[PDB]
Amino acid sequence: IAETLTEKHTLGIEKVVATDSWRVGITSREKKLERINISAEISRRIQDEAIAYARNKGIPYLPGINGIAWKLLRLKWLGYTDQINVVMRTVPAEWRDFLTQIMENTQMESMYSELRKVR
Amino acid sequence: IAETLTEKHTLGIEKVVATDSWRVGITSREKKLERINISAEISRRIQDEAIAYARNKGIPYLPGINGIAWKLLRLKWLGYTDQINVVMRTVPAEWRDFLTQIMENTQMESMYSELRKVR
Amino acid sequence: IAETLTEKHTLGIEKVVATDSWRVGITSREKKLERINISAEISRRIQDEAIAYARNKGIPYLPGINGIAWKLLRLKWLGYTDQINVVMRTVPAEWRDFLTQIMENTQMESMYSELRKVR
Amino acid sequence: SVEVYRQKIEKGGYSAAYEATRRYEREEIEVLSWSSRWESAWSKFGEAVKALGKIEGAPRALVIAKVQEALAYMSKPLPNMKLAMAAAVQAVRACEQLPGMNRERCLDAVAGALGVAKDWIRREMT
Amino acid sequence: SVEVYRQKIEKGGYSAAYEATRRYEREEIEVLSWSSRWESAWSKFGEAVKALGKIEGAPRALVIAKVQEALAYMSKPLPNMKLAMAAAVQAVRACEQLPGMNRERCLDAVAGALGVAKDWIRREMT
Amino acid sequence: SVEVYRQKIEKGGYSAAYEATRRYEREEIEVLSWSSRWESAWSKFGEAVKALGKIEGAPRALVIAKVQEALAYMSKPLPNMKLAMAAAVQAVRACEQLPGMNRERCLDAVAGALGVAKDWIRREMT
């Protein structure tokens, strides 16, 4: 009868709950799921550095600088460099040295862990 | 009653879901299905070089240049050479050397893999 | 009541779907069916040469020339030779040598395989 | 072989062909849609073979077969008149071998059945 | 191989195609919604191939394929006229190898099928 | 891999999607409430990517992605115009390296799609 994008989205879901393709979609890979382990590892490593940065300079801990330091880490891997330049103007002054600490100064530890995750 | 192409397409589908020919169309071949493995192998072997090419030259990673370089690999295998020359004018300047790297400079590894896939 | 050629075709089908003569028409032969195995062989042999002929002479691979080379093989077997000469004028110039490569130069391999199929 | 013969006998073809005739006479069977698609496409090949009636003599199967092969190329959605003339000049050369038939009498019948001009088949003869 | 043959024969496709035909004539089956979405998108591809009728000669499959590949880029939501001209010039170069076709007559048929100007395909040939 | 392919094949997706299509036509399925919230929110992202039609040339995914990323920040409950401009200048720099596009002509297509002034993206270029 009808075929538009609201009903294509619906009938694509009704076939999923019919054949149980979601739970067999997760349990059949079992090799992509180790990325959830590695992503939770770099997540803690950035967070611990942000508190150690905050008590050395006596500045308050700014929540959400974990995510800013992570987006700049992933775009550094791809090469979107002028995107890095505008975010570095957007963050406050005392935290700009922390963001380049995640990209350049821990090139050895953190940038390797993304290289194992995308592999 | 009716015989037109919209009904020829329908009664082909109604015949398939009656006799269950789709799932036995896949599970009876079992030799053609190894082409999916060799396809996913060259898929990664093109993608990993595109990021290494992106960081050697400091240019951002351009998504879809792994798709373009896979098309030009197959047309080179067939012999559609004037197809290639118009595509090479379409891509940007810094990525033209990557596309001839997928065709010529890895004639050993990647061009043999397409030769084994079609066998 | 009525007997024309349309309903003669229909009433021949209705006694096929009643007695199930199609499926027992195939499964009772079981010796003629290996002609499919030999036909699948010569199709592969012609197609592999047509790509190798395309890269030695630098020309694009022309699809359907594996079909023309197989028709001219079977008419050479029967002897319809003035059928051949008009088809040889029809094909392009650089592909005329491949057509007489299938009939003449691989008579030992390919023309025996047709000779073993009709037997 | 008899082993392929016996297996089609035991399915009862004589009885069920009789039974399906009765259902047609008792209005329980209509014309299948495969049949209506068949007679609409085949009817051009039926009257063209009857136009080869004035060819006399020997086994005439090669004349009939290559003319039906010649009409098949003309009747495509993209008609190939080059390959259609290739089969027709074989039907002409097969025709002239029969006793009583000349080369010009064969170009009468084959070009008359295909419905094209006689000079087209003369070109690819050579 | 005949093993892939035997696994599809035993599924009974001749009887099931006949029986699904009878259900359509007895008005028990309506047109699937996939078929309605199919002919809406495909009908523009069907008439362009029939506009390649005046190309004569050899296997014409490569001319037919690369015209369908050229229309597919024009018909995207973001049409790429650069990559569409990439496949079109392969169709012109594949066309002119056939006996009887000039380069200008191949530029006639392809630009008439695609529905664009002849100078756009002349540019990329060089 | 094939083993990840096989376990979705044996679940019967071609059959089950056919049955859901028939149930919609027989009024046995209404439109899910997730699809109403989807099409209400997505539609501003769909008409804007079609406004990048006159960008011509290479793989245009990086222009398309960084424009879609730029609309996501403006459409927040608390919109961040500074982080939206960060993704826009990556789209402008990715656009101008395509053959045929200028620096100024990419500033029309990006700012026309986003619906902002052209000087907002020019300030952040530097």
# chains A, B, ... in the order shown; residues from 1 in each chain; ligands from 1
call {"tool": "residues_around", "arguments": {"residues": "residue C:45", "least_positions_apart": "5", "cutoff": "10 Å", "atoms": "only C-alpha atoms", "output": "PyMOL selection string"}}
result
chain C and resi 40+50+66+102+109-110
call {"tool": "residues_around", "arguments": {"residues": "stretch 14-27 of chain B", "least_positions_apart": "6", "cutoff": "12 Å", "atoms": "only C-alpha atoms", "output": "JSON, numbers by chain"}}
result
{"B": [7, 8, 33, 34], "E": [3, 4, 5, 6, 7, 8, 9, 10, 11, 12, 13, 14, 15, 16, 17, 18, 19, 20, 21, 22, 23, 24, 29, 30, 31, 32, 34, 35], "F": [2, 5, 6, 7, 8, 9, 10, 11, 12, 13, 14, 15, 16, 17, 18, 19, 22]}
call {"tool": "select_by_dssp", "arguments": {"residues": "chain B", "states": "helix (DSSP H, G or I)", "output": "number ranges by chain"}}
result
B: 5-19, 22-27, 32-56, 65-78, 81-88, 93-105, 109-117
call {"tool": "write_last_selection", "arguments": {"atoms": "C-alpha atoms", "output": "PDB file, in the first residue's frame"}}
result
ATOM      1  CA  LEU B   5       6.340  -6.904 -15.621  1.00  0.00           C
ATOM      2  CA  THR B   6       5.134  -5.697 -12.227  1.00  0.00           C
ATOM      3  CA  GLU B   7       3.293  -9.001 -11.874  1.00  0.00           C
ATOM      4  CA  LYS B   8       6.150 -10.998 -13.353  1.00  0.00           C
ATOM      5  CA  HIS B   9       8.403  -9.586 -10.639  1.00  0.00           C
ATOM      6  CA  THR B  10       5.841 -10.355  -7.930  1.00  0.00           C
ATOM      7  CA  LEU B  11       5.100 -13.953  -8.931  1.00  0.00           C
ATOM      8  CA  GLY B  12       8.832 -14.598  -9.043  1.00  0.00           C
ATOM      9  CA  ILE B  13       9.053 -13.540  -5.399  1.00  0.00           C
ATOM     10  CA  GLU B  14       5.912 -15.471  -4.423  1.00  0.00           C
ATOM     11  CA  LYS B  15       7.431 -18.590  -5.963  1.00  0.00           C
ATOM     12  CA  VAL B  16      10.638 -18.175  -3.940  1.00  0.00           C
ATOM     13  CA  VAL B  17       8.990 -17.734  -0.538  1.00  0.00           C
ATOM     14  CA  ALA B  18       6.759 -20.727  -1.263  1.00  0.00           C
ATOM     15  CA  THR B  19       9.470 -23.244  -2.113  1.00  0.00           C
ATOM     16  CA  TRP B  22      16.669 -18.271  -1.258  1.00  0.00           C
ATOM     17  CA  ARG B  23      18.273 -19.978   1.728  1.00  0.00           C
ATOM     18  CA  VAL B  24      18.982 -23.115  -0.285  1.00  0.00           C
ATOM     19  CA  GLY B  25      20.424 -20.890  -2.992  1.00  0.00           C
ATOM     20  CA  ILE B  26      23.149 -19.823  -0.578  1.00  0.00           C
ATOM     21  CA  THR B  27      23.705 -23.008   1.415  1.00  0.00           C
ATOM     22  CA  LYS B  32      31.354 -19.246  -4.008  1.00  0.00           C
ATOM     23  CA  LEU B  33      31.013 -18.040  -0.415  1.00  0.00           C
ATOM     24  CA  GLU B  34      34.777 -17.921   0.093  1.00  0.00           C
ATOM     25  CA  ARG B  35      34.872 -14.891  -2.221  1.00  0.00           C
ATOM     26  CA  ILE B  36      33.465 -12.840   0.667  1.00  0.00           C
ATOM     27  CA  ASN B  37      36.595 -13.666   2.662  1.00  0.00           C
ATOM     28  CA  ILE B  38      38.985 -12.595  -0.092  1.00  0.00           C
ATOM     29  CA  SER B  39      36.923  -9.468  -0.722  1.00  0.00           C
ATOM     30  CA  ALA B  40      37.110  -8.404   2.925  1.00  0.00           C
ATOM     31  CA  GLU B  41      40.864  -9.014   2.842  1.00  0.00           C
ATOM     32  CA  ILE B  42      41.590  -6.522   0.048  1.00  0.00           C
ATOM     33  CA  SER B  43      39.082  -4.198   1.708  1.00  0.00           C
ATOM     34  CA  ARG B  44      41.389  -3.844   4.700  1.00  0.00           C
ATOM     35  CA  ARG B  45      44.588  -3.874   2.641  1.00  0.00           C
ATOM     36  CA  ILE B  46      43.416  -0.765   0.787  1.00  0.00           C
ATOM     37  CA  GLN B  47      42.062   1.008   3.867  1.00  0.00           C
ATOM     38  CA  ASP B  48      45.197   0.668   6.007  1.00  0.00           C
ATOM     39  CA  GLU B  49      47.356   2.124   3.242  1.00  0.00           C
ATOM     40  CA  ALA B  50      45.026   5.102   2.821  1.00  0.00           C
ATOM     41  CA  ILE B  51      45.640   6.204   6.406  1.00  0.00           C
ATOM     42  CA  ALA B  52      49.386   5.603   6.156  1.00  0.00           C
ATOM     43  CA  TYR B  53      49.353   7.718   3.001  1.00  0.00           C
ATOM     44  CA  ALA B  54      47.414  10.348   4.944  1.00  0.00           C
ATOM     45  CA  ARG B  55      49.991  10.695   7.723  1.00  0.00           C
ATOM     46  CA  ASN B  56      53.107  10.553   5.556  1.00  0.00           C
ATOM     47  CA  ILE B  65      39.185   7.099  -1.586  1.00  0.00           C
ATOM     48  CA  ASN B  66      39.335   3.464  -0.506  1.00  0.00           C
ATOM     49  CA  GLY B  67      36.174   2.962  -2.534  1.00  0.00           C
ATOM     50  CA  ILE B  68      37.563   4.743  -5.598  1.00  0.00           C
ATOM     51  CA  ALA B  69      40.835   2.813  -5.463  1.00  0.00           C
ATOM     52  CA  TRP B  70      38.942  -0.480  -5.348  1.00  0.00           C
ATOM     53  CA  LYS B  71      36.942   0.338  -8.464  1.00  0.00           C
ATOM     54  CA  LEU B  72      40.084   1.289 -10.380  1.00  0.00           C
ATOM     55  CA  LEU B  73      41.722  -1.977  -9.347  1.00  0.00           C
ATOM     56  CA  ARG B  74      38.938  -3.987 -10.978  1.00  0.00           C
ATOM     57  CA  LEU B  75      38.748  -1.947 -14.190  1.00  0.00           C
ATOM     58  CA  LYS B  76      42.512  -2.294 -14.573  1.00  0.00           C
ATOM     59  CA  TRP B  77      42.000  -6.056 -14.292  1.00  0.00           C
ATOM     60  CA  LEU B  78      39.430  -5.997 -17.099  1.00  0.00           C
ATOM     61  CA  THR B  81      41.663   2.122 -19.384  1.00  0.00           C
ATOM     62  CA  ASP B  82      39.837   5.197 -20.691  1.00  0.00           C
ATOM     63  CA  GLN B  83      37.451   4.749 -17.784  1.00  0.00           C
ATOM     64  CA  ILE B  84      40.469   5.208 -15.489  1.00  0.00           C
ATOM     65  CA  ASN B  85      41.754   8.414 -17.078  1.00  0.00           C
ATOM     66  CA  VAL B  86      38.559  10.356 -16.429  1.00  0.00           C
ATOM     67  CA  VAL B  87      38.384   9.135 -12.828  1.00  0.00           C
ATOM     68  CA  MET B  88      42.007  10.186 -12.278  1.00  0.00           C
ATOM     69  CA  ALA B  93      45.833  16.258  -6.719  1.00  0.00           C
ATOM     70  CA  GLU B  94      47.522  14.877  -3.602  1.00  0.00           C
ATOM     71  CA  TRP B  95      45.536  11.621  -3.831  1.00  0.00           C
ATOM     72  CA  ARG B  96      46.338  10.749  -7.453  1.00  0.00           C
ATOM     73  CA  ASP B  97      49.619   9.138  -6.435  1.00  0.00           C
ATOM     74  CA  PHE B  98      47.734   6.927  -3.992  1.00  0.00           C
ATOM     75  CA  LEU B  99      45.404   5.615  -6.694  1.00  0.00           C
ATOM     76  CA  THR B 100      48.278   4.615  -8.961  1.00  0.00           C
ATOM     77  CA  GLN B 101      49.901   3.084  -5.883  1.00  0.00           C
ATOM     78  CA  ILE B 102      46.928   0.740  -5.481  1.00  0.00           C
ATOM     79  CA  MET B 103      47.085  -0.169  -9.175  1.00  0.00           C
ATOM     80  CA  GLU B 104      50.793  -0.337 -10.027  1.00  0.00           C
ATOM     81  CA  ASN B 105      52.965  -0.345  -6.914  1.00  0.00           C
ATOM     82  CA  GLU B 109      49.883  -8.377  -3.461  1.00  0.00           C
ATOM     83  CA  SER B 110      46.529  -6.809  -4.358  1.00  0.00           C
ATOM     84  CA  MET B 111      46.324  -7.610  -8.077  1.00  0.00           C
ATOM     85  CA  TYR B 112      46.954 -11.298  -7.412  1.00  0.00           C
ATOM     86  CA  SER B 113      44.149 -11.343  -4.842  1.00  0.00           C
ATOM     87  CA  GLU B 114      41.549 -10.236  -7.387  1.00  0.00           C
ATOM     88  CA  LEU B 115      42.999 -12.865  -9.719  1.00  0.00           C
ATOM     89  CA  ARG B 116      42.349 -15.519  -7.070  1.00  0.00           C
ATOM     90  CA  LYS B 117      38.895 -14.214  -6.179  1.00  0.00           C
TER      91      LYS B 117
END
call {"tool": "atom_distance", "arguments": {"atom1": "atom CA of residue E:73", "atom2": "atom CA of residue F:55"}}
result
14.3 Å
call {"tool": "interface_residues", "arguments": {"of": "chain F", "to": "chain B", "cutoff": "7 Å", "atoms": "only C-alpha atoms", "output": "list in words"}}
result
residues 1, 2, 15, 57, 58, 59, 61, 62, 97, 98 and 99 of chain F
call {"tool": "write_last_selection", "arguments": {"atoms": "C-alpha atoms", "output": "JSON list (two decimals), in the first residue's frame"}}
result
[["chain", "number", "residue", "atom", "x", "y", "z"],
["F", 1, "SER", "CA", 34.01, -13.14, 7.31],
["F", 2, "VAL", "CA", 31.64, -15.92, 6.29],
["F", 15, "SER", "CA", 11.14, -14.69, 4.05],
["F", 57, "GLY", "CA", 34.08, 16.11, -8.44],
["F", 58, "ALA", "CA", 35.77, 13.63, -6.13],
["F", 59, "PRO", "CA", 34.45, 11.56, -3.19],
["F", 61, "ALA", "CA", 31.81, 12.33, 1.87],
["F", 62, "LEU", "CA", 34.04, 14.61, 3.95],
["F", 97, "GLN", "CA", 40.81, 20.64, -2.85],
["F", 98, "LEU", "CA", 38.33, 19.09, -5.28],
["F", 99, "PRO", "CA", 39.07, 19.93, -8.93]]
call {"tool": "atom_distance", "arguments": {"atom1": "atom CA of residue D:120", "atom2": "atom CA of residue D:44"}}
result
20.7 Å
call {"tool": "closest_atom_pairs", "arguments": {"of": "chain F", "to": "chain E", "cutoff": "7 Å", "atoms": "only C-alpha atoms", "output": "tab-separated table"}}
result
residue	atom	partner	partner_atom	distance
F:50	CA	E:78	CA	6.6
F:53	CA	E:78	CA	5.1
F:56	CA	E:80	CA	6.5
F:57	CA	E:82	CA	6.0
call {"tool": "write_last_selection", "arguments": {"atoms": "N, CA and C atoms", "output": "compact mmCIF listing (two decimals), in the first residue's frame"}}
result
# COMPACT_ATOMS: atom_id res chain seq x y z
N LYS F 50 21.00 17.58 0.69
CA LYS F 50 20.65 17.73 -0.72
C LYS F 50 20.98 19.11 -1.26
N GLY F 53 24.35 19.83 -3.64
CA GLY F 53 24.31 19.14 -4.92
C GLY F 53 25.27 19.71 -5.93
N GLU F 56 30.96 19.56 -7.08
CA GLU F 56 31.25 18.58 -8.12
C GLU F 56 32.64 17.99 -7.97
N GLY F 57 32.77 16.72 -8.33
CA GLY F 57 34.08 16.11 -8.44
C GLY F 57 34.27 14.79 -7.72
call {"tool": "atom_distance", "arguments": {"atom1": "atom CA of residue F:124", "atom2": "atom CA of residue F:91"}}
result
12.0 Å
call {"tool": "residues_around", "arguments": {"residues": "residue D:93", "least_positions_apart": "3", "cutoff": "9 Å", "atoms": "only C-alpha atoms", "output": "list in words"}}
result
residues 82 of chain C; 63, 88, 89, 90, 96, 97, 103, 106 and 125 of chain D
